[PDB]
Amino acid sequence: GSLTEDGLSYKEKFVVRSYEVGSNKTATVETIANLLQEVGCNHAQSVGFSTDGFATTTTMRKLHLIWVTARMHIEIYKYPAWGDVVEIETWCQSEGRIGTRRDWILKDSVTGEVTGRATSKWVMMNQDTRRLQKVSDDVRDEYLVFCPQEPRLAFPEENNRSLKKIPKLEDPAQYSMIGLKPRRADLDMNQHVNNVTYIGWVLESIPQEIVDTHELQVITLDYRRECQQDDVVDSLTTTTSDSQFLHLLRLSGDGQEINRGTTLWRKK
Amino acid sequence: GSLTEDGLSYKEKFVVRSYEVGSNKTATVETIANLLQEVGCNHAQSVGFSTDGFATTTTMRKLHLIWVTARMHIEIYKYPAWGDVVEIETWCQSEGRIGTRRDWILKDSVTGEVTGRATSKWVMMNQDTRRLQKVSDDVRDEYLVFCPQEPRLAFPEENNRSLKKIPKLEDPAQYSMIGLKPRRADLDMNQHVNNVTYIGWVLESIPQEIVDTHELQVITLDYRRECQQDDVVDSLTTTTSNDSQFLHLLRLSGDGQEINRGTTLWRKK
Ligand SMILES: Nc1ccc2oc(=O)ccc2c1
Ligand SMILES: Nc1ccc2oc(=O)ccc2c1
C-alpha cells in the first residue's frame with residue numbers, strides 16, 4: 001500500500017483468501033470490515049499517528065485521549081470472489097468539534113469499477129474515564145494537513161442512508177441469538193473486542209433462510225458501549241420491510257444496550 | 001504465490017495484518033493456522049485439484065470421497081510481528097494406504113531463518129456416510145507425480161513430538177470454558193466449522209495468566225468428530241508439567257461426546 005500522489009489518501013490492494021469467503025464463494029462483510037480497518041491502520045502509520053486503531057497525536061497521548069467508532073455504514077454492490085484483487089482507498093476529514101470521519105471506496109482491481117463504499121464517524125474519549133469530549137481547536141488543527149481541504153465524501157447524495165437515525169427495537173424481538181461471547185480471536189492487540197465482532201453478532205440473529213436467499217447490500221451500526229472480554233451478549237432482530245431489519249445488541253444480564261443497527265438485503 | 005522450480009512444492013508470502021496480532025503485537029497461532037490453510041488451498045488450485053480444502057481428484061469426486069484432517073501439529077520459534085513478511089512453503093506426501101500428509105515450513109522473508117514448521121495427517125472419508133476408508137492404489141498413484149518421491153519431512157527427528165499419542169483427559173479438569181458455539185465467521189464456504197476454530201476453542205481454557213507470561217511453542221491437536229453449526233462445545237484443560245505443558249479435551253456440551261484432544265507446550269517469556 002501507499003499514500004496517493006497528493007498525500008491526502010491511502011490505497012492498498014488485497015487478494016481475497018480461501019477462509020475469508022462465505023457460502024457464495026465471495027468475501028463476507030466481516031472480511032470487508034477487517035480490510036477497511038487494516039487500510040485505516042496503514043494510513044495512520046504512513047503519516048505518523050498511532051497504529052493501535054486509535055490514530056492519536058502526541059498531544060492526545062499526553063491527555064490520555066483516543067478516537068472511538070460511533071457509527072460504521074457499509075454499502076456493497078459486489079462482494080469480491082476468492083482470489084480476486086480488491087483495491088481500497090481511504091481518507092479522513094474532521095467534522096468540527098463533533099468528531100471526525102474516515103471514508104473508504106472499494107474497487108475491483110481488474111475492471112476499476114466501484115464495488116463498495118463505507119463511512120465511519122468517530123468521537124473523542126478519555127481512555128481511562130470513558131468520558132466523551134468535544135474536539136479542541138489545537139487537535140483539529142494538527143490533523144488538517146493530512147485531510148482534503150474541500151469536502152470529500154464517500155456518500156455525497158442528499159438524505160442518504162448513512163446519516164439516518166436508528167430507533168430502539170421494542171420487545172418482543174421477532175428473532176434472537178442469545179448468549180454470544182467473545183473468544184481471544186475476537187480481541188485486538190489491546191485486549192478489547194474488535195469492532196468487526198459486533199457486526200458478526202448483529203448478523204447472528206438474521207434467519208439462515210434470508211442469508212441463503214439474499215445478499216446483504218447495506219449495514220448501518222451505531223456503537224454505544226463496549227462488550228468487555230467477560231461479558232455475554234444477546235442479538236435481537238425484527239423485520240421492518242428488498243428485506244430490511246432493525247437490530248439491537250444488549251448485555252445478556254441487565255439488558256444494557258451496546259449497539260443498534262439496520263440492514264438491507266437484496267434477493268439473489 | 002507459485003509452485004517452486006521442480007513443481008513439487010508451493011511458496012507464498014504474507015504481510016501480517018493489524019487485526020491478525022495478539023497482546024504481543026505478533027501474529028496469533030490461529031492467524032498462522034489460517035495462512036497454512038490458504039497456502040495449502042493455493043497449492044491444490046495450482047495443480048488442478050479441488051479448492052474447497054479437500055484437494056480431491058475427479059475419481060474421488062465420482063465416489064463422493066474427501067480428505068479430512070486427523071491431526072495438526074504446529075511448532076513456532078518466532079511469531080511474525082505486524083507488517084512483517086512471512087514466506088510459507090508447503091508440500092504433500094502420501095503415507096501408503098493410511099492417508100496423506102501436508103507439511104509446511106515458515107520463514108522470515110528478510111532473514112531467511114526458519115521461524116516455524118507444521119505437519120498435518122489426513123484420512124479419506126465418504127462425504128455423505130462419514131465412513132473412513134483406506135486409500136486405494138488408483139488414488140495414491142494419481143497424486144504421486146505432484147509429491148517428492150524421496151521422503152521430505154518438516155519433522156524428521158526420531159521420536160519427535162508430532163507423532164506422540166495423546167491420552168484422554170480424566171474428569172475433573174483443572175480448567176474449563178463452557179458453552180462455546182460457532183458463529184457464521186467460524187464457518188467455511190461449505191458451511192462446516194473451519195478447522196482453525198477448534199484450535200481457538202482448545203486455547204480458551206488456558207488461564208489468562210499463562211497467556212500473559214508465556215508464549216505457545218507447540219500445539220498438537222487430534223480431530224475425531226465435527227462440531228456441527230448448531231452444536232455447543234466445552235473446552236477442558238489440565239496442567240501436565242521452566243516450560244508449562246497442558247492436556248486438552250473438547251467435547252459436545254450435552255452428551256460429552258469427544259470432538260478433539262490435544263497438548264500444548266508453552267515457554268516463559
Ligand atoms: N481528524 C483526523 C483523525 C485521524 C486521522 O488519521 C489519519 O490517519 C489521517 C487523518 C486523520 C484525521
Ligand atoms: N496425496 C496427496 C493428497 C493431496 C494433495 O494435494 C496437493 O495439492 C498436492 C499433492 C497432494 C497429494
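Quick note on labels: first sequence line is chain A, next is B, and so on, each numbered from 1.
A pairwise comparison of heavy atoms in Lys181(B) and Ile178(A) identifies NZ-O, 2.7 Å as the closest pair.
Heavy-atom neighbours of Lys121(B) NZ from other residues, nucleotides or ligands within 6.0 Å: above the threshold of 12. In this structure, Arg225(B) places its CZ atom where only 12 or fewer heavy-atom neighbours from other residues, nucleotides or ligands lie under 6.0 Å away.
Residue contact with chain B, scored on non-hydrogen atoms closer than 4.5 Å, is absent for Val196(A). Of the two parts of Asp186(A), only the side chain, counted from C-beta on, holds a non-hydrogen atom closer than 4.5 Å to a non-hydrogen atom of chain B. If you measure heavy-atom distances from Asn34(A) to chain B, the contacts under 4.5 Å come from both the backbone and the side chain.
By number of non-hydrogen pairs under 4.5 angstrom with chain A, the leading residue of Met177(B), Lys25(B), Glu20(B) is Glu20(B). Top candidate by heavy-atom pairs under 4.5 Å with chain B, chosen from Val15(A), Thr26(A), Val211(A), is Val211(A). Most heavy-atom pairs under 4.5 Å with chain B, from the set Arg184(A), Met189(A), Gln208(A), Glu30(A): that is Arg184(A). For chain A, the option among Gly179(B), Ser23(B), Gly83(B) with the highest count of heavy-atom pairs below 4.5 Å is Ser23(B).
Residues from residues 42-57 of chain A that place a non-hydrogen atom less than 4.5 Å from a non-hydrogen atom of chain B comprise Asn42(A), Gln45(A), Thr51(A), given in numerical order. Proximity to chain B at a heavy-atom threshold of 4.5 Å picks out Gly200(A), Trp201(A), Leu203(A), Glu204(A), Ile206(A) from residues 199-206 of chain A, in numerical order. Heavy-atom proximity under 4.5 angstrom to chain A picks out nothing from residues 260-269 of chain B.
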For side-chain contact (heavy atoms from CB on, under 4.5 Å), just list the numbers for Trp82(B) and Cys41(A), CA-CA rounded to whole Å, side-chain angles, deciding distance to a tenth of an Å, and then say yes or no.
CA-CA 11 Å; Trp82(B) 174 65; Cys41(A) 189; 3.7 Å; yes
Could you please spell out the steps behind the side-chain contact (heavy atoms from CB on, under 4.5 Å) verdict for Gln191(A) and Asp212(B)?
CA-CA 11 Å; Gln191(A) 300 177 315; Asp212(B) 290 345; 3.6 Å; yes
Evaluation steps, side-chain contact (heavy atoms from CB on, under 4.5 Å), between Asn194(A) and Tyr19(B):
CA-CA 8 Å; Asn194(A) 189 125; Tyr19(B) 63 88; 3.9 Å; yes
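Remark: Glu38(B) engages no residue in a salt bridge (charged side-chain N to carboxylate O under 4.0 Å, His left out) (not counting sequence neighbours).
A salt bridge is absent between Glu12(B) and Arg17(A); no separation between the charged side-chain nitrogens and carboxylate oxygens falls under 4.0 Å.
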